[PDB]
């Protein structure tokens, strides 16, 4: 069978120790609901990524949205990135006219101060800056690469940089690890990193790793998948992963995979959610690469250090919306963010590779395989390469001389 449908899998249900708190009441609500979903497959005998439905959802969204979306009016490059990336994983080619329209759009989101904002004329902010540059890389054309003003981008990053190594998310803004990842992602792809740009940053990100092993959004905070993804990936870019305690970080992620549901939770004693199929499980490839670089002899050579099969089972059986798009969990409504990260999650859980090993695990029909994603940038590895190449043809500003 499938792992989740086997009868011993029932012994993986929550044990509340006869002591009920809100935490267990909520976990049981979810597990009971996921058990239904599992039983629904097991009435008649068969695992299928509804690609065609997902595509319709995406293709339409990329062009036009109802006023249901007024609240993403400040996050529009996120919508480009989430949708483009989802199309990219689904191996859907993006028409020249769509691509060009996105370039032109992201161009109007670009601030004269450098960086990008949530929409035309909005102030720049690290998150849409990150999303827009990723969207531009997925497109991968010379038109797209050239939208980016690199010199203003650097100035813009300089303006956010803090004495203690952190970054503001925007001018007059907040700090957490996200800004560090966004800055590194963007700076590295565009070849604008200077001697002193990320100075202090590694040590800052490191102070965010806490007693649980994971990283919190700022020093002292609870460890969380999203912030932990951001920290580690930011260190990997900067090549200072070893600042962190990786053995504890490993023990923490691996623990975030849910024994019953199959998917991951964002932090300990909270609920499973499909987006963490990327933010949590994407840590495994990053750690594999880091431990390999330190000489580790015991690393698997076929698998990441999570239940790949169980994660794919969770995504496919619980996180697809039959009308298209993907979910956090059943009962929840689709959105492009979860569509993006479930799929990025799925691709990671299918595609192992290390050094020269390659080993795939494709649950369900083999047309389920996605394209691979780069676990640092979460765009395709081809796209990373092409973009880092192109921007290496240019000097870091300045110089030059």
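Residue numbers count along the first chain shown, from 1. So that the term is clear: the rigid core is the largest set of C-alpha atoms that superpose within 1.5 Å between two forms.
Farther-lying stretch by C-alpha RMS in 8 other deposited structures of this protein, rigid core as reference, of 69 to 77 and 124 to 132:
Of 69 to 77 and 124 to 132, the stretch deviating more in 8 other deposited structures of this protein is 69 to 77.
Superpose by the rigid core and compare 363 to 371 with 33 to 41; which one moves more, by C-alpha RMS, in 8 other deposited structures of this protein?
Result of the core-fitted comparison in 8 other deposited structures of this protein: 33 to 41 deviates more.
Missing residues between residue 45 and residue 46 in the deposited sequence, please: none, 1 to 3, 4 to 9, or 10 or more.
According to the record, 1 to 3 deposited residues lack coordinates from residue 45 to residue 46.
Give the stretch, out of 271 to 279 and 200 to 208, with the larger mean C-alpha temperature factor in the deposited entry.
Taking the mean B-factor of the alpha carbons in each, 200 to 208 is higher.
Looking only at CA atoms, which has the higher mean B factor in the entry: 68 to 76 or 99 to 107?
Per the deposited B-factors, the answer is 99 to 107.
Deposited CA B-factor, highest of 176, 313, 142, 261
Comparing C-alpha B-factors across 176, 313, 142, 261, the maximum falls on 142.
Out of 325, 225, 119, 195, which residue has the highest Cα temperature factor in the PDB record?
Among 325, 225, 119, 195, the highest C-alpha B-factor in the entry belongs to 195.
What third of the chain does residue 186 rank in for C-alpha temperature factor, lowest, middle or highest?
Middle third by C-alpha B-factor.
Where does residue 347 sit by CA temperature factor within its chain: lowest, middle or highest third?
Bottom third by C-alpha B-factor.
Cα B factor band for residue 339 (lowest, middle or highest third within the chain)
Residue 339: CA B-factor falls in the lowest third of its chain.
Within-chain third of residue 85 by Cα B-factor, per the entry:
As the PDB entry reports it, the C-alpha B-factor of residue 85 lands in the lowest third of its chain.
When the modelled residues of the chain are sorted by Cα temperature factor, does residue 304 land in the lowest, middle or highest third?
Tercile = middle for this residue's CA B-factor.
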